[PDB]
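Below you'll find only one chain, the form deposited without its partner chain, shown as C-alpha cells.
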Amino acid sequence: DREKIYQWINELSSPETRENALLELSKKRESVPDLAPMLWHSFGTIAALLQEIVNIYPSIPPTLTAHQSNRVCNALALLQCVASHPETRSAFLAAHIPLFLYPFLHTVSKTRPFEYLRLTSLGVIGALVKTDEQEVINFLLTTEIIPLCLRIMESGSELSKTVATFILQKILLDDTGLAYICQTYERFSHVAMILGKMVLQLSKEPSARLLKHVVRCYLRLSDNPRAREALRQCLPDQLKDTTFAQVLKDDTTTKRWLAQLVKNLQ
C-alpha cells in the first residue's frame, strides 16, 4: 500500500503515468489514514496537484472537457484529503491552497465539467469548515469566500447551493463569523438579501435540504441583536406561512428551527 503510494507519487512526474497515478492515489484516500502526510511531505507532490489545477485555468471561454475535469477532481479530492487531516490542515491553510480553488467557485459556466469541478471544490472548502476550527473560519473570513458562496447560493445547481449554504452556515455559526457578518450593515444585508432570494426560488423549486440549511442561517443570524432587528422587518413571508407546508411535512427539525426563529424575533 505504502509501496504502491510511493510508486504512484513518482509516476505523477511522467505524463504517460500521471493520470493513472492520480486516480490510484485518490482511490487510497478511503483506506490509507496516513495518505495526507505522505502526500504533503513527499517532495513535489502538492505542487503536482496544484499544477493539475493551474493547468486548466486557461480552460475557464469554457473549454474544459469531462476528461480534464475528472482528472482535476481527483487532484482536488487528494487536496481535500490533505485539508481533512489534522497533521496537514494548518500547513494547507498557511500555503493558501484554498485560493487555488476559488476560480472554480467563481466561474458562472453552466457546463457539466465545471459543475463537477465546482462541487468538488466546494467539497474541499466544506471539508475545512466541517472541522469548525477557528483557524479555518478566520482564514476563510480574510480570503472572502463569502461572496463566492453567495453567488453560488443564488445561481448554482440545487446541490451547489446546498454546499455553499452549508459553508456560509458554518461561518455564521461561529461567533467570529457571525460578528464579522453583522459588523457592517452591508455585509449583513448582502447575506440576508441572498437568503431572501433563495427563499423565493425555493417556493418555486422546493428542496428540503437546501431550505433546512437556509433556515439554519436565518436562525443563527437572529442571535445577533442588529440582525434580529432587521429580520424583524425583512424576514420573508414564506418562512411564516404555508409556502413550505408540504416540504416541511416530515422535517421536525426545520419546523422547530423556524418556530425558534420567529420567537427570537420578538
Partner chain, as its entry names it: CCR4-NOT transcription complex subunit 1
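Numbering follows the first chain given and starts at 1.
Absent from the display: the form solved in complex with its partner chain. The rest refers to it.
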Quick one: is residue 47 in contact with its partner chain in the deposited bound form, heavy atoms, 4.5 Å cut-off?
yes
Does residue 12 reach its partner chain in the deposited bound form if we count a contact as any heavy atom within 4.5 Å?
yes
In the deposited bound form, does residue 236 have a heavy atom within 4.5 Å of its partner chain?
no
Could you confirm whether residue 103 comes within 4.5 Å of its partner chain in the deposited bound form, counting heavy atoms only?
yes
Considering only 43-66, what residues come within 4.5 Å of its partner chain in the deposited bound form, judged by heavy atoms?
43, 44, 46, 47, 48, 50, 51, 54, 55, 57, 58, 59, 61, 63
